[PDB]
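As C-alpha cells, the structure follows; a few thoughts come after it.
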Amino acid sequence: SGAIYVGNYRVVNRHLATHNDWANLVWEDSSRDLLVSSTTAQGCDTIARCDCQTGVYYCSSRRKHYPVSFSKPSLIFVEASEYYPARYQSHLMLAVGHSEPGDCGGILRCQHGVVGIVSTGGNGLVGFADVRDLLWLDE
Ligand SMILES: COc1cccc(CN2C[C@@H](C(N)=O)CCC2=O)c1
Ligand SMILES: [Zn+2]
C-alpha cells in the first residue's frame, strides 16, 4: 500500500484504489496501473520533473529504503495476476531489487522529488509506475 499526496490530488495504484478513490475519481489508466482521486486537504509531496535514472524506493516487505538504477518509462509485458490479465503495462520503469505484491504503493524518489510508485515485481526485480509526465498534478 501507499499513495502520493500533491495539491488537491491523491495518486494510488489503480488495483488498490478504494471506494472513496473511485467516488472522487479525476483520472485512471488501467494500462499504467494508476488512479488519481481528489482530496479536500492539501498534499504533502512534490513531483520530480526530470530524466533521473537513479533514486531510492521504500520496500515495506523489508521496512527499508533501497537505492536503485532504473530504466526509462516504457511498455513492458506483465504476467497475469489476481488484478489484471496478462498485458503490456505502459510508463513502467524496471530495476533490480526486492519487491513482493504488498509492496505496491511504495514511493520512488530522486533529488528532485517523487518519481513514481511500486507497481510490479518478483524474481529480484521491482517495477515503478512513472508519474513525472503528469504535469497537471502541479496545478
Ligand atoms: C511489487 O509488486 C509485485 C510483486 C510481485 C508480483 C506482483 C504482481 N502484481 C502486478 C501488478 C500490476 N501492475 O499488474 C498488479 C498486482 C500484482 O500483484 C506485483
Ligand atoms: Zn530527478
Side-chain angles (χ1 to χ4, degrees):
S1 60
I4 306 160
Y5 292 89
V6 50
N8 289 306
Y9 296 125
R10 162 171 144 111
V11 186
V12 293
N13 291 91
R14 190 189 185 273
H15 75 273
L16 300 182
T18 66
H19 294 278
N20 246 58
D21 284 316
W22 279 101
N24 295 284
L25 182 63
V26 169
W27 171 82
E28 56 77 25
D29 189 337
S30 169
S31 85
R32 296 176 64 154
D33 184 41
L34 287 181
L35 182 145
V36 178
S37 62
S38 60
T39 67
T40 55
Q42 189 76 14
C44 56
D45 294 299
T46 291
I47 310 293
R49 300 302 180 194
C50 69
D51 64 348
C52 283
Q53 282 186 250
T54 67
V56 172
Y57 79 105
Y58 181 71
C59 179
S60 58
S61 63
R62 291 291 179 269
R63 281 211 200 98
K64 263 187 171 76
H65 294 261
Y66 292 105
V68 285
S69 284
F70 52 94
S71 68
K72 287 194 170 128
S74 60
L75 253 192
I76 286 166
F77 182 81
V78 179
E79 273 173 346
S81 66
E82 287 155 39
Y83 300 92
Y84 296 106
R87 77 208 208 286
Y88 287 85
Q89 170 160 327
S90 60
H91 300 263
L92 185 59
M93 299 174 300
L94 294 192
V96 172
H98 183 71
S99 69
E100 281 169 50
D103 286 323
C104 291
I107 284 170
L108 168 68
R109 278 192 172 260
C110 63
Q111 69 189 102
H112 311 105
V114 177
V115 172
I117 53 167
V118 174
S119 180
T120 76
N123 301 311
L125 288 169
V126 55
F128 309 95
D130 186 52
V131 302
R132 295 175 291 185
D133 64 318
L134 304 177
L135 315 185
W136 53 269
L137 283 178
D138 286 341
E139 57 199 65

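Basis for what follows: all heavy atoms, side chains included, without hydrogens, waters or symmetry-related copies. For the single chain, residues carry numbers from 1 onward in sequence order.
Cluster annotation: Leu92 is not connected to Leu108 through the hydrophobic network of ILVMFWY side chains, with a link wherever side-chain heavy atoms come within less than 4.5 Å.
Between the side chain of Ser71 and the backbone N or O of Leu94, at least one donor-acceptor pair lies under 3.5 Å. Counting only distance, with no hydrogens or angles, the side chain of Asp130 and the backbone of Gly116 share no donor-acceptor pair below 3.5 Å. Side-chain N or O atoms of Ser99 include one that pairs as donor or acceptor with a backbone N or O of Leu125 at under 3.5 Å. A donor-acceptor pair under 3.5 Å links the side-chain atoms of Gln53 to the main chain of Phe70, judged by distance alone. Put simply, the side chain of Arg49 gets close to the backbone of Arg132: a donor and an acceptor are under 3.5 Å apart.
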Stepwise side chain to side chain contact (heavy atoms under 4.5 Å, CB included) check, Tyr57 with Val126: CA-CA 10 Å; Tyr57 79 105; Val126 55; 4.0 Å; yes
Steps toward side chain to side chain contact (heavy atoms under 4.5 Å, CB included) verdict (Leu35, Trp22): CA-CA 8 Å; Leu35 182 145; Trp22 279 101; 3.6 Å; yes
Worked check of side chain to side chain contact (heavy atoms under 4.5 Å, CB included) between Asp21 and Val12: CA-CA 9 Å; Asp21 284 316; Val12 293; 4.0 Å; yes
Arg10 vs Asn20, side chain to side chain contact (heavy atoms under 4.5 Å, CB included): CA-CA, chis, key distance, verdict: CA-CA 11 Å; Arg10 162 171 144 111; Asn20 246 58; over 6 Å; no
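Across all their heavy atoms, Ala41 and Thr39 have their closest contact at O-OG1, 2.9 Å. For the pair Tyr66 and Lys64, the tightest heavy-atom approach, listed with the atom from each and the gap, is OH-CD, 3.6 Å. Taking every heavy atom of both residues into account, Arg63 and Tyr58 meet most closely at CA-OH, 3.6 Å. When all heavy atoms of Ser69 and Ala95 are compared, the closest pair comes out as O-CB, 3.3 Å. The minimum heavy-atom distance between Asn13 and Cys104, with the atom names listed, is OD1-C, 3.3 Å. Across every non-hydrogen atom of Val115 and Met93, the tightest pair is CG1-CE, 3.7 Å.
Separating the NE2 atom in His98 from the OG atom in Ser61 is a distance of 3.0 Å, to the nearest 0.5 Å. With values rounded to the nearest 0.5 angstrom, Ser38 atom OG is found 4.5 Å from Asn24 atom CG. Of the inter-residue distances, the one linking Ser31 atom OG with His91 atom NE2 reads 6.5 Å to the nearest 0.5 angstrom. Separation of atoms CG (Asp103) and OG (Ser119) is listed at 12.0 Å; rounding is to 0.5 Å.
Taking a 4.5 Å side-chain heavy-atom cut-off between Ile, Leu, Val, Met, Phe, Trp and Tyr, the cluster of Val11 extends to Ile4, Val6, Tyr9, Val26, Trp27, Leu34, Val36, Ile47, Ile107, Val114, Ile117, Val131, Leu134, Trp136, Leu137.
When the ring-ring contact (aromatic ring centres under 6.0 Å, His included) test is applied to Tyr83, the partners found at least two apart in sequence or on another chain are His15. In this view, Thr46 satisfies the side-chain contact (heavy atoms from CB on, under 4.5 Å) rule with no residue, not counting sequence neighbours.
Between the side chains of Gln89 and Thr120, no donor N or O sits under 3.5 Å from an acceptor N or O.
Residues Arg32 and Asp133 meet the side-chain proximity criterion, which asks for heavy atoms closer than 4.5 Å.
Taking a cutoff of 4.0 Å between a charged side-chain nitrogen and a carboxylate oxygen, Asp33 and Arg87 do not qualify as a salt bridge.
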